[PDB]
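Structure first, commentary second.
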Amino acid sequence: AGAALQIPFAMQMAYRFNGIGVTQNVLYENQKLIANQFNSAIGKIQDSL
Amino acid sequence: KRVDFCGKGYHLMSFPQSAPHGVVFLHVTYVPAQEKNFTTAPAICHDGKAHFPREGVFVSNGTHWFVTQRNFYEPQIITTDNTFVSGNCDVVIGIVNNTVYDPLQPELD
Ligand SMILES: *[C@@H]1O[C@H](CO)[C@@H](O[C@@H]2O[C@H](CO)[C@@H](O)[C@H](O)[C@H]2NC(C)=O)[C@H](O)[C@H]1NC(C)=O
Ligand SMILES: *[C@@H]1O[C@H](CO)[C@@H](O[C@@H]2O[C@H](CO)[C@@H](O)[C@H](O)[C@H]2NC(C)=O)[C@H](O)[C@H]1NC(C)=O
Ligand SMILES: *[C@@H]1O[C@H](CO)[C@@H](O[C@@H]2O[C@H](CO)[C@@H](O)[C@H](O)[C@H]2NC(C)=O)[C@H](O)[C@H]1NC(C)=O
Ligand SMILES: *[C@@H]1O[C@H](CO)[C@@H](O[C@@H]2O[C@H](CO)[C@@H](O)[C@H](O)[C@H]2NC(C)=O)[C@H](O)[C@H]1NC(C)=O
Ligand SMILES: *[C@@H]1O[C@H](CO)[C@@H](O)[C@H](O)[C@H]1NC(C)=O
């Protein structure tokens with residue numbers, strides 16, 4: 001939408017949780033589990049491929 | 001709100017014009033400009049409680065902390081009407097110490 005403006009990635013993930021109706025404390029208080037789940041989900045794609 | 005469906009930027013409004021066998025759309029959009037960099041933090045710890053912005057981000061100009069809206073820089077001081085509380089400050093990665101100002105009790109002298 002213009003020039004790239006940097007933001008830390010967990011803070012971008014919190015904006016995106018807001019965009020679906022969940023408060024952002026739910027992301028910050030679960031950060032490690034959410035990242036573990038994303039990593040297992042990405043590791044399952046290359047296994048199916 | 002569909003990205004790039006009505007031009008580049010944040011769609012404000014669009015005007016139609018007729019062409020021969022066709023149509024022309026003049027899209028008016030909003031494009032952000034002249035950014036500055038800041039230090040930032042996800043929450044703020046005060047009295048053993050974690051504070052999150054209601055809307056906006058916590059930013060630091062070098063020595064002081066403010067809340068701003070995310071798309072236009074307009075800094076304000078962090079109060080209990082700017083933020084909400086959840087939990088204690090032991091669980092959030094990158095939490096920062098600052099004071100969150102209450103209006104009522106300095107009204108009550
Ligand atoms: C929410 O669901 C997750 C499942 O992804 C739970 O986390 C797992 O809990 C089991 C316990 O049975 C552990 O063995 C796993 O190692 C956990 N997974 C990860 C990625 O940490 C989590 O406990 C659930 N939360 C609640 C409150 O029920
Ligand atoms: C960050 O902004 C603050 C403004 O709040 C500057 O601090 C001073 O703060 C006092 C009381 O809050 C004001 O009376 C002053 O007018 C403010 N400015 C000055 C120049 O004294 C602070 O200087 C700013 N810091 C940086 C690094 O820009
Ligand atoms: C951002 O990354 C920096 C590393 O570049 C982290 O700084 C380190 O913090 C640890 C404490 O967890 C210290 O032991 C290291 O000495 C620091 N390294 C440097 C180079 O400063 C910083 O903590 C990270 N920020 C967050 C919020 O995790
Ligand atoms: C932010 O403020 C809290 C509140 O005091 C600090 O917590 C103290 O941390 C030190 C060192 O980690 C401990 O020795 C104290 O026992 C803690 N106090 C309490 C009341 O728990 C915290 O360290 C501060 N954060 C930073 C980065 O300085
Ligand atoms: C912000 O700082 C970075 C270096 O950390 C620099 O590359 C960038 O151009 C700066 N942008 C602005 C708007 O100051």
Side-chain angles (χ1 to χ4, degrees), chain A, chain B residues 1-12 27-46 48-60 65 67-74 82-96 100:
Chain A
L5 318 158
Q6 78 264 4
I7 185 186
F9 186 80
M11 293 184 59
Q12 194 209 299
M13 221 51 213
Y15 286 15
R16 283 177 194 274
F17 269 49
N18 271 156
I20 66 173
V22 191
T23 67
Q24 56 187 17
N25 76 93
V26 182
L27 182 135
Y28 290 124
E29 288 148 1
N30 293 294
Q31 195 173 328
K32 283 172 180 307
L33 160 88
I34 290 163
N36 290 340
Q37 270 165 174
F38 169 80
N39 289 336
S40 325
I42 271 300
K44 273 195 300 272
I45 268 148
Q46 75 186 272
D47 275 328
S48 146
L49 280 191
Chain B
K1 311 283 128 43
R2 299 174 57 183
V3 173
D4 288 328
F5 190 59
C6 299
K8 226 260 209 57
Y10 303 112
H11 183 236
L12 291 172
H27 307 309
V28 185
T29 65
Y30 174 110
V31 183
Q34 303 183 23
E35 73 272 4
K36 313 311 167 206
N37 27 38
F38 301 100
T39 313
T40 199
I44 272 152
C45 170
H46 183 63
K49 303 136 110 186
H51 301 257
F52 302 88
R54 262 174 208 173
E55 320 89 16
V57 251
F58 299 128
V59 290
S60 176
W65 284 92
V67 229
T68 179
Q69 38 169 121
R70 313 172 170 163
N71 294 123
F72 184 85
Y73 181 59
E74 190 183 90
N82 270 337
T83 55
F84 68 96
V85 170
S86 171
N88 67 324
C89 23
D90 278 286
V91 188
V92 183
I93 296 168
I95 193 145
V96 151
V100 177

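Scope of the values below: all heavy atoms of this structure, side chains included, with no hydrogens, waters or symmetry mates. Letters A, B, ... mirror the listed sequences (proteins, then strands); counts begin at 1.
In this structure, chain B has a heavy atom under 4.5 Å from the side chain of A:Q31, while its backbone stays farther away. Only the backbone of B:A41 comes within contact range of chain A, judged by heavy atoms closer than 4.5 Å.
The shortest non-hydrogen separation linking B:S86 to A:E29 is OG-OE2, 3.1 Å. Closest heavy-atom contact between A:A1 and B:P32: O-CD, 3.8 Å.
Results of the side-chain contact (heavy atoms from CB on, under 4.5 Å) test with A:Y28 over B:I93, B:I95, B:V91, B:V92 single out B:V92 as the only residue that passes.
Atom CZ of A:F38 has 12 or fewer heavy atoms from other residues, nucleotides or ligands within 6.0 Å. Within a 6.0 Å sphere centred on CZ of B:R54, other residues, nucleotides and ligands contribute more than 12 heavy atoms.
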* Please assess B:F52 against A:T23 for the test side-chain contact (heavy atoms from CB on, under 4.5 Å), listing each intermediate value before the final yes or no. => CA-CA 10 Å; B:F52 302 88; A:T23 67; over 6 Å; no
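Counting heavy atoms from C-beta outward, A:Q24 and B:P42 have side chains that stay 4.5 Å or more apart.
Atom-to-atom distance recorded for A:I7:CD1 and B:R70:CZ is 8.0 Å, nearest 0.5 angstrom.
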